[PDB]
There are 2 protein chains.
Amino acid sequence: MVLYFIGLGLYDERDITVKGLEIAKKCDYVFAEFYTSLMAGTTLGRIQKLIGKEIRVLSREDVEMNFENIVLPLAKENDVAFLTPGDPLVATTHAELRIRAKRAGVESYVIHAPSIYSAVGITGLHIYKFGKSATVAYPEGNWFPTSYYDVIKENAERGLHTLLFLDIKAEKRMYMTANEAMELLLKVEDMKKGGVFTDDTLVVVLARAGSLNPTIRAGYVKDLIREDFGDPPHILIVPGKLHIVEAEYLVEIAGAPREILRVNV
Amino acid sequence: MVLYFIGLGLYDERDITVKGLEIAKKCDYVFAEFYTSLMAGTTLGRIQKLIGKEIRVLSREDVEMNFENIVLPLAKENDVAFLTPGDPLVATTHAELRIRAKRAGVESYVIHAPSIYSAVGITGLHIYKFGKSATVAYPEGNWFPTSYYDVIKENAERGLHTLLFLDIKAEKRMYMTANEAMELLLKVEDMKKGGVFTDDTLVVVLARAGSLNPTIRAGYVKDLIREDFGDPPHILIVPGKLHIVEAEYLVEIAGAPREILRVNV
Ligand SMILES: Nc1ncnc2c1ncn2[C@@H]1O[C@H](CSCC[C@H](N)C(=O)O)[C@@H](O)[C@H]1O
Ligand code: NA
């Protein structure tokens, strides 16, 4: 009679919490989704093995349109687990799933796990200084969206950092790279010419957060736009004015040029 | 000869990630701090029992002044772990400790854990809509902190939610409740009269996130300022312009007054 929303964490099968793993093991049915994001440091097989339960994978349509016909029915008589990468309820449409559960007379509990939102603290940037977040999306056809550019502008204008998720093609497994994201932003800067993203802008690139050997790089766009950050997923951050301690971290830990100690502080 | 920063999570010893547990079990020395946050659902004993090691708890002074004398020295020959509540680098100054580790020729790694920063997702509020964060600090003698009041104003003007970390004096076993935070805010409103935080302001309270039964409440200050939300830790959130689905969740899951369903766009 219970539904558990369990986060799988950041990168591999060991990123789930002890509580989440033990609970998942005692569930009769286990579902999961990998359309909001993917566990690049592992496989479905490794996760199934660790849990010892068959994992029924669900698509975006399965979740958004038929959650109540696929998941909730089984929760009426058994304990069901729903696994998602990161922290449950972070993906904007997932909170609503708990309402569907209530309507179905099904109890639901949330088992947290690490999220990129909190994991970006490894960049040395103070968490309280982050402002609104955005997603960099690929233009397509006659559609050229640029809201993510305005978000950076609103934040930087107030001395706040901007966390940028990069467009992902879940099923086609086609991730947008930090390099690609920078190119798009430079192109958006050439149209709106607001002086928000240029070759002199300082950015931070975080890749494979959660891994024991993540890639943390900071520098000006002109030097990082062609650098190789490794395998996805990539996260882009456009910092606002830095606190000296933030700058010292980016320099000592993320190889940023000493120049930021005077230009961006 | 390495140093591991390992987060313990939100509420109890099971909120640690499997990755963190397996590594912590193999460290020669284990240190920790419990002044940056409160893990209401566990004890040092349970943690030690789960990890199978004795944990030397450090005070804020031991850490902020003598980290390189108490911890780093051992890391130069043994595998050392440093445990903290939630995620080690979120809303703390522990990131700077990685710089010290580096300067002393000690490699460090970070194992994330669920954090209050991403756990706000359980409130139903879109996490991408959160703006700058702030801390409601206890007034000290004649010094009365107010900066956190201007943060709410800045975000509200932009329609962004505001996450408010609540103060803590671990050495005195004092943990600010949401009620206390609301009282301090009304007092600041009385001084500045910016129409930022009044008895008609809608607020959200999340208490003991990470537990199976956290307290999630939403409503007007006048009605919530004297309500009992259970034991600490608590966080206070001042939402901005709400999406309809955010409001539906606050009402259906957080017991908010059906009135907020009628959103003014
Ligand atoms: N489980 C929990 N529930 C509610 N608030 C919490 C909480 N854990 C931390 N907080 C809030 O955050 C403050 C500590 S700030 C340090 C946060 C920690 N590194 C993390 O990642 O969560 C507390 O005083 C409280 O206001
Ligand atoms: Na944020």
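Residues numbered from 1 in each chain as written, not as in the entry; some residues may be left out. Chains lettered and ligands numbered in written order. Heavy atoms only, no water.

Structure determination for this PDB entry is given in the record as X-ray crystallography, at a resolution of 2.40 Å.

As recorded by the PDB entry, chain A carries the name Probable diphthine synthase and is attributed to Pyrococcus horikoshii. For the record of chain A, the UniProt heading Function holds the text "S-adenosyl-L-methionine-dependent methyltransferase that catalyzes the trimethylation of the amino group of the modified target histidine residue in translation elongation factor 2 (EF-2), to form an intermediate called diphthine. The three successive methylation reactions represent the second step of diphthamide biosynthesis." Chain A has a UniProt comment under Catalytic activity that states "2-[(3S)-amino-3-carboxypropyl]-L-histidyl-[translation elongation factor 2] + 3 S-adenosyl-L-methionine = diphthine-[translation elongation factor 2] + 3 S-adenosyl-L-homocysteine + 3 H(+)". (UniProt positions renumbered as here; feature names shortened; annotations may be inferred.)

Observations regarding the overall build of chain A
When its secondary structure is counted, chain A shows 11 helices and 12 strands. Over its C-alpha atoms chain A spans a radius of gyration of 20 Å, differing by no more than 12% from the 18 Å that the globule rule assigns to 265 residues. Here the C-alpha coordinates of chain A stretch approximately 60 × 40 × 30 Å along the principal axes. Across the 265 residues in chain A, those meeting the buried criterion constitute 56%. At a minimum sequence separation of 6, the contacts of chain A that also span at least 24 residues come to 73%. Summed over all atoms, the accessible surface of chain A reaches about 11,000 Å², with 47% contributed by carbon and sulfur. Each charge class in chain A can be summarised by its mean position, and for the 31 positive and 36 negative side chains these summaries are 2 Å apart. (Helix = DSSP H or I, 4+ residues; strand = E, 2+ residues; numbered from the N terminus. Rg over C-alpha atoms; globule rule 2.2 N^0.38 Å. Buried < 20%, exposed > 50% of the residue type's maximum accessible area, 1.4 Å probe, protein only. Contact = heavy atoms within 4.5 Å. Areas by Shrake-Rupley, 256 points an atom, 1.4 Å probe, with all protein chains shown as cover. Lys, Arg positive; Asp, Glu negative; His and termini not counted. Charge placed at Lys NZ, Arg CZ, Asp CG, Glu CD.)

Brief notes about the pattern of salt bridges
Per the counting criterion, the structure on display carries 26 salt bridges over all chains. With a closest N to O distance of 2.8 Å, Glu68(A) and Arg100(A) form a salt bridge. In this pair, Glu68(A) is assigned in helix α3 (residues 60–70) and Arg100(A) in helix α5 (residues 96–103), connecting sequence segments 32 residues apart. The partly exposed category is assigned to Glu68(A), whose relative accessible area is 34%. Close ionic contact of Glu246(B) with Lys129(B) constitutes a salt bridge, the shortest N to O distance being 2.6 Å. A residue pair is termed long-range when its members are at least 10 positions apart, and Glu246(B) in helix α10 (residues 244–252) and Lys129(B) in the loop between α6 (116–119) and β6 (134–136) qualify at 117 residues. Neither residue differs from the other here; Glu246(B) and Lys129(B) are each classed as buried. Shared partners join several salt bridges into a network, and the residues in it are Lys102(A), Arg103(A), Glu252(B) and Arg258(B). (Salt bridge = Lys/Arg side-chain N within 4 Å of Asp/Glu carboxyl O.)

Points about the interface of chain A and chain B
Taken together, the contact pairs 54 residues of chain A with 54 residues of chain B. Here chain A meets chain B over a buried area of about 4,900 Å², counting both sides, of which 63% is carbon and sulfur. In this assembly, chain A and chain B are joined by 9 salt bridges. Between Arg14(A) and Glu22(B) there is a salt bridge, with its nearest N and O atoms 2.9 Å apart. The interface formed by chain A and chain B holds 22 residue pairs in polar contact in total. Secondary structure elements with two or more residues in the side of chain A that touches chain B: α1 (18–25), α5, β5 (107–111), α6 (116–119), α7 (147–157) and α10 (244–252) of chain A. Across the side of chain A that touches chain B, the residue classes tally to 26 nonpolar, 13 polar and 15 charged. (Buried area = accessible area lost by both parts, 1.4 Å probe. Polar contact = N/O pair within 3.5 Å; in protein donor to acceptor, adjacent residues only side chain to side chain. Nonpolar A, V, L, I, M, F, W, Y, C, P; charged D, E, K, R; others polar.)

Remarks on the relation of the copies chain A and chain B
Take chain A, turn it by 180 degrees, move it 0.0 Å along the axis, and it overlays chain B with an RMSD of 0.9 Å. What the rotation and shift describe, once combined, is the action of a two-fold rotation axis. (Least-squares fit on C-alpha atoms.)

Side note on the sheet that holds strand β10 (residues 202–207) of chain B
Residues and elements named next belong to chain B. The 5 strands are arranged β6-β7-β12-β10-β11 in an open sheet whose pairing can be described as mixed. With one partner strand each, in any of the chains shown, β6 and β11 (215–220) form the two edges of the open sheet. If you compare each strand with its neighbour and ignore which way they point, the axes differ by 25 degrees on average. (Pairing = 2+ DSSP bridges. Axes fitted to C-alpha atoms, helices over the stretch in contact; angles between N-to-C directions.)

Some thoughts on the domain arrangement of chain A
As a measure of interface size, the accessible area lost when the parts come together is often cited. Residue and element names in this part refer to chain A. We note that the domain assignment places domain 1 (1–114) and domain 2 (115–265) within chain A. A separation of 29 Å is found between the C-alpha centroids of domain 1 and domain 2. The interface is formed by 13 residues belonging to domain 1 together with 16 residues belonging to domain 2. Between domain 1 and domain 2, a total of about 1,000 Å² is buried, with carbon and sulfur atoms accounting for 68% of that surface. If you sort the residues of domain 1 by the area they bury against domain 2, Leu10, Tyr11 and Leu38 come out on top, with a joint share of 54%. (Domains from an automatic or database assignment.)

Here we look at the site of ligand 1
Residue and element names in this part refer to chain B. Ligand 1 sits among 19 residues. The nearest are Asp87, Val90, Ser115, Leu166 and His234. For ligand 1, a nitrogen atom lies 3.4 Å from a polar atom in the side chain of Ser37. With respect to ligand 1, the backbone of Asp87 contributes an N or O atom lying 2.8 Å from a nitrogen atom. Here ligand 1 has 550 Å² of accessible area as a free molecule, and 96% of this is covered by the chains. Those elements that place two or more of their residues in the shell around ligand 1 are β7 (162–166) and β12 (234–238). Here the shell around ligand 1 spans two domains, and each of domain 1 (1–114) and domain 2 (115–265) adds at least three residues to it. (Near = heavy atom within 4 Å.)

Things to note about a nonpolar patch on the surface
Residues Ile244(A), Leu261(A) and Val265(A) make up a contiguous nonpolar surface patch of roughly 200 Å² in combined accessible area. Turning to its location among the elements, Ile244(A) is positioned in helix α10. (Patch = residues over 30% accessible without salt bridge, like charges linked within 9 Å, V, L, I, M, F, W, Y side chains within 5 Å.)

Things to note about the nonpolar core
Soluble globular proteins tend to pack their nonpolar side chains together in the buried interior. In terms of nonpolar packing, the biggest core is built from 138 residues, with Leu3(A), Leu3(B) and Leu83(B) touching the most fellow members. In this structure, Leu3(A) is in contact with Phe67(A), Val71(A), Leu72(A), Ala75(A), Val80(A), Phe82(A), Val106(A), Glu107(A), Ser108(A) and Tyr109(A), ignoring residues within four places of it in sequence. Counting residues in each nonpolar core, the second largest holds 27 residues, with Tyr138(B), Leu164(B), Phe197(B) and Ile225(B) among its members. (Core = buried A, V, L, I, M, F, W, Y, C linked by side-chain atoms within 4.5 Å.)

Concerning the UniProt feature "binding site: S-adenosyl-L-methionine" in chain A
As recorded in UniProt, the sites labelled "binding site: S-adenosyl-L-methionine" are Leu10(A), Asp87(A), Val90(A), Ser115(A), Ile116(A), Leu166(A), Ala209(A) and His234(A). When you line up the elements, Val90(A) lands in the loop between β4 (79–84) and α5. Assessed through its relative accessible area of 16%, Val90(A) is described here as buried. When sequence neighbours within four positions are dropped, the list of residues in contact with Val90(A) reads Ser115(A), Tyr117(A), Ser118(B) and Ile127(B). Of note, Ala209(A) is situated in the loop between β10 (202–207) and β11 (215–220). What makes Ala209(A) buried here is its relative accessible area of 12%. Setting aside residues up to four positions removed in sequence, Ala209(A) forms contacts with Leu10(A), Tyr11(A), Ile116(A) and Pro214(A).

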